[PDB]
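Comments concern the structure below.
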Amino acid sequence: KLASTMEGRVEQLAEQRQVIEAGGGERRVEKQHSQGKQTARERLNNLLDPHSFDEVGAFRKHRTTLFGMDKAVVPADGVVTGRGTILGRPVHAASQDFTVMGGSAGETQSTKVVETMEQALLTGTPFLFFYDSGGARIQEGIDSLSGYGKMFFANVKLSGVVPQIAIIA
Amino acid sequence: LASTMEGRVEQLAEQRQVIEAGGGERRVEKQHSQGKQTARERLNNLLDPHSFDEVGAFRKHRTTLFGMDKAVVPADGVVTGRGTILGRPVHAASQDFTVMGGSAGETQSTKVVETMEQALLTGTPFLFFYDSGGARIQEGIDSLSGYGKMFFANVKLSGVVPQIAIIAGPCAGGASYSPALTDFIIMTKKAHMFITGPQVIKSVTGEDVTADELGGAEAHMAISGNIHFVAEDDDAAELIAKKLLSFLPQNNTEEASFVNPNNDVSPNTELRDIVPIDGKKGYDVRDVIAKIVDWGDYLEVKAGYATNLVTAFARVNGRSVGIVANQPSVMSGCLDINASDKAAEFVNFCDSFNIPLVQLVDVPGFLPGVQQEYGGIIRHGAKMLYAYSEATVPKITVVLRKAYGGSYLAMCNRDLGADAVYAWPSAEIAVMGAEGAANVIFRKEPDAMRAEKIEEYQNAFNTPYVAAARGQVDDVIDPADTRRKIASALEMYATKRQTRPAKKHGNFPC
Ligand SMILES: C[C@@H](C(=O)O)C(=O)SCCNC(=O)CCNC(=O)[C@H](O)C(C)(C)COP(=O)(O)OP(=O)(O)OC[C@H]1O[C@@H](n2cnc3c(N)ncnc32)[C@H](O)[C@@H]1OP(=O)(O)O
């Protein structure tokens, strides 16, 4: 239910963006931290120049429905993507959120990653990706398997055109 | 020829003075009395002081029939050459009405085509002041051929170097097709343009119309859709031409030079209150444009034609951009035949000259009406879809409010290649209105069932969050951050390199 004024909706927007950014929640974030690991968003915030991150798909949602995916709430489908700068240089980046279903690669998540890579290719900028995952999302079966096929094809498409740096965290 | 060099130099000066006098003092006073500058005054006012370098002042016609053998026709009625505008090299032509009514002699057309070829060869803009009775009748098919060569040349230069036409007097007949083939036509209140004159119209159809009613600036702007700018007089046309040129590059291999950049991208909360949350209330989309572009500056193109859609040049951090925006305060912002043309032409031009396209969306669909269907809205609306799908410049779209079905796609969403799409919290992207939707999905089943199903369909698909859930918009944003969001996208996509399938050309709808 949307607020009656633009001001209300903007405040409403802010509250919703916060929920998404909280990812899997306090307990899981505490567990990530207790393991000596930063969160998906801390990694991007630490890597990119202060305030340069421009996120794409924060509100993106999976469309899968089997084995409980129809009721599951999966913030950003487990990956934070966008563009920013490093020492002023434009870059595109992705960061898997292990707090959201173990960072398992959902179909939509992989689509978000590929679109970000396609933008790096299109604009001729480097691409950096923080990996933190249990692999293809089992509940989505072949839907998530397809996501990886597209990702691998994209990695090769970018190979030798723009630098690609992977960080397994 | 004089006896000495010094003496021949003086002779040359006197001879050049005679040429530049054109049709003589009497005819020049008449031109001025009609509130028109002379061909040479126009070039002198347009170009930087003393930059004009003339070619062909002494060029003469070679025709001889029907009095031409004895006629004295200075520069054959046109002044051509090169100069600079704010330091930028340009080539230009300017018809001299005092000489045989500016009629287009064969040689005149050759001079014009040669100047056009030089503009192409060197990659500079080409500007032309028209003031003529059309093809010179005494030269029959010779003057006819000249026009054939001119039109072909306008097409050769199309999409390569910017072409600006300034109609500053009569433009009787087929000559009008040259301005049509250039990119922008600026018309003064002292100018007229038409394919068939009022007299011939009367003789053939019986219709009574004055030249003013038929093809004056207002008629072409508001009715015909033939021109891009209306100017009160020559001074105004000259100012408009320079302003227009300031947004464009020299040729298609470059992006326009930045001008007076305002690098601030701070938020402006004032943006939150321009678009009413109440769908039944309109507003001027230009108020939004003013708060997002540098210094609130913009040059609206075809401002008096199809006002249900705004097309304007402006700048963001000094970079030229073309803005296409629905105007909710006119015809509820519906797109129609004329606005589709107006938008498509603008999009194709910006794409040709590497000018990014920024869309401000608030469209409820295409205008309903038997005459819209009978007028071929199917093929005209397709022009928008074509232009945007073909365009490769950065395309940034911001949905302010309504975004319904095909009319939304026509405003360049992600599927038509927009590089970044943002939705305000008031964004209403939908395949169609919830009411119309229910009347089909739930045809079967009190009166509250209908109102209930409407709310159901509405919440399920038409909120900014569903659009974002599906990835149709990159983010939902605070209207206050609109400028920064556009500026950042323009910045990241400044290095965009996108290629199309190999082809001579696609088949653009007619
Ligand atoms: C290809 C093609 C086509 O359309 O398809 C052609 O172009 S056939 C094109 C046909 N184009 C035309 O028939 C239109 C021409 N005539 C006019 O409608 C008008 O002249 C007008 C609206 C341009 C101007 O009206 P105005 O009263 O200001 O003036 P004036 O009558 O004094 O004229 C200017 C002087 O230029 C001469 N003059 C004007 N137009 C032409 C022309 N096309 N060829 C040869 N001479 C011309 C006039 O005879 C006159 O001569 P002087 O001082 O000796 O009296």
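No value in this document is a laboratory result; all are computed from the given coordinates. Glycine gets a Cβ as well: all are built from the backbone with ideal geometry, and neighbour counts include every protein chain shown.
At a glance:
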quantity	calculated
Residue that is farthest from the chain's Cα centre (by Cα), among those in segment B:323-336 that are crowded, with 23+ Cβ neighbours inside 10 Å and not in a loop (DSSP other than H, G, I, E, B)	B:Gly333
Any hit, segment B:463-484, residues being surrounded by fewer than 19 Cβ atoms within 10 Å (Cβ to Cβ), touching a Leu at 6+ places or on another chain (Cβ under 7 Å) and among the charged types (D, E, K, R)	no
Spans of strands (runs of 3 or more DSSP E) in segment A:10-117 with at least 1 residues away from chain B (no Cβ under 14 Å)	A:89-96
Selection from segment B:194-211 of residues that are of a type in the set (A, V, I, L, M, F, W, C) and within 13 Å of the ligand (Cβ to nearest atom)	B:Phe194, B:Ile195, B:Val200, B:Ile201, B:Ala211
Selection from segment B:406-429 of residues that are of a type in the set (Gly, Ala, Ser) and within 14 Å of chain A (Cβ to nearest Cβ)	B:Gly417, B:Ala418, B:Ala420, B:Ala423, B:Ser426, B:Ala427
Cβ-Cβ under 6 Å pairs, at least 6 apart or on other chains, segment B:252-263 side within 9 Å of B:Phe353 (Cβ to Cβ), far side of a type in the set (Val, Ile, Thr) and surrounded by 15 or more Cβ atoms within 10 Å (Cβ to Cβ)	B:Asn252/B:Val160
Positions within segment B:127-171 being away from the ligand (no atom under 12 Å from the Cβ) and surrounded by fewer than 20 Cβ atoms within 10 Å (Cβ to Cβ), in sequence order	B:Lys149, B:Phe152, B:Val155, B:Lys156, B:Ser158, B:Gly159, B:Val160
Options B:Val265, B:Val230, B:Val288, B:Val209; residue that is hydrophobic (A, V, I, L, M, F, W, C), more than 30 Å from B:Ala39 (Cα to Cα) and not in a helix (DSSP H, G or I)	B:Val265
Matching residues in segment B:340-363 - criterion: being more than 19 Å from B:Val398 (Cα to Cα) and in a helix (DSSP H, G or I)	B:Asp341, B:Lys342, B:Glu345, B:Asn348, B:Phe349, B:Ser352
Residue count, segment B:473-488 (criterion: under 25 Å from the mean Cα position of the chain (by Cα) and within 8 Å of another protein chain (Cβ to nearest Cβ))	0
Selected residue (criterion: farthest from the chain's Cα centre (by Cα)) from residues of segment B:489-502 that are more than 11 Å from every other protein chain (Cβ to nearest Cβ) and within 19 Å of B:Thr253 (Cα to Cα)	B:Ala502
Condition met for B:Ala191 (more than 15 Å from the ligand (Cβ to nearest atom) and either over 27 Å from B:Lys36 (Cα atoms) or small (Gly, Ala, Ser) (or both))	no
Filtered residue count, segment B:190-205, keeping only those that are within 23 Å of B:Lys30 (Cβ to Cβ), of a type in the set (A, V, I, L, M) and assigned to a helix (DSSP H, G or I)	0
Segment A:122-132 - residue that is touching a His at 6+ places or on another chain (Cβ under 9 Å) and within 14 Å of chain B (Cβ to nearest Cβ) and, of those, nearest to A:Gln18 (Cα to Cα)	A:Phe127
Members of segment B:212-227 found to be under 16 Å from B:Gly173 (Cβ atoms), assigned to a helix (DSSP H, G or I) and more than 12 Å from the ligand (Cβ to nearest atom), listed by number	B:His220, B:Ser224
Residue ID - farthest from the other protein chains (Cβ to nearest Cβ), chosen from residues in segment B:291-317 that are surrounded by 15 or more Cβ atoms within 10 Å (Cβ to Cβ) and part of a helix (DSSP H, G or I)	B:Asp294
Condition broken by B:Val421, with the remaining ones in (1) aliphatic (A, V, I, L, M); (2) buried (at least 18 other Cβ atoms within 10 Å of the Cβ); (3) in a helix (DSSP H, G or I); (4) within 37 Å of the chain's Cα centre (by Cα) satisfied	(3)
Residue within segment B:96-112 that is within 22 Å of the chain's Cα centre (by Cα) and within 14 Å of the ligand (Cβ to nearest atom) present	no
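Matching residues to (1) surrounded by fewer than 18 Cβ atoms within 10 Å (Cβ to Cβ); (2) under 30 Å from B:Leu120 (Cα atoms):
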{"position": "B:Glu213", "(1), (2)": "yes, no"}
{"position": "B:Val230", "(1), (2)": "no, yes"}
{"position": "B:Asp234", "(1), (2)": "no, yes"}
{"position": "B:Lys243", "(1), (2)": "yes, yes"}
{"position": "B:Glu254", "(1), (2)": "yes, yes"}
